[PDB]
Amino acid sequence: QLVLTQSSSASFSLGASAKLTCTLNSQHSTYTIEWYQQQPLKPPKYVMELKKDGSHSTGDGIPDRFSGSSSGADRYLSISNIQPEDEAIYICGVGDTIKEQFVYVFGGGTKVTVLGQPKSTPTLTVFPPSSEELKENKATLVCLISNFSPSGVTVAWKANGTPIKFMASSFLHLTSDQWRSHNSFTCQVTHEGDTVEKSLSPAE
């Protein structure tokens, strides 16, 4: 990152104004840049072309809340009233000629998260080892976590009450002996700072 510099992460409150920076080196201070958006499971999208004087052209199907502006070697992507669907990696790009030949450089990318979203708490479903697996001397405990928003959960497993929308899951790989030799196991899920639990009982 020296032709183009981007900080690798940024976060903004839901519905606030968002401003991202891509800074050009001195040798390219007046160059025009392109902004791209990369979300999982989709093609990357051309967002806009942004000139040194701050003028720009967008889209694609790029909504009117995206705009650009400039200041010296800095190039800004702004999102007004940023929404959860604007979560993505934003990458800046620049073209040039180096002794006769065309060259293109991409920035390292800025991962943007949208904070302060309304919370929907998770529902947990747990399954004990199947009899088929137990006959092979294995035991996988399953914890399925669904109907929650926004994204992002942490999962901890407990045995005998002590340690050791969107979708998520956790698997605890045990032997059949380890399963049969506890009074209980518990999948504990943390979401936006709050805790939900469900237990399995080898005796049942």
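Numbering starts at 1 and runs along the sequence shown.
The deposited sequence places 10 or more unmodelled residues between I164 and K165. In this entry, 154 to 162 has the higher mean Cα B-factor, the comparison being between 136 to 144 and 154 to 162.
Between 57 to 65 and 145 to 153, the higher mean Cα B-factor belongs to 57 to 65. The PDB entry gives the largest Cα B-factor of the residues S120, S130, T125, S78 to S120. Comparing the C-alpha B-factors of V196, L14, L24, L20 in the entry, the top value falls on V196. The PDB entry assigns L50 a C-alpha temperature factor belonging to the middle third of its chain's modelled residues. When the modelled residues of the chain are ordered by their C-alpha B factor, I89 lands in the lowest third. When the CA B factors of the chain's modelled residues are split into thirds, the value for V103 lands in the highest one. Ranked against the other modelled residues of its chain, the C-alpha B-factor of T97 as given in the entry falls in the highest third. Ranked by Cα temperature factor within the chain, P43 sits in the middle third according to the deposited record.
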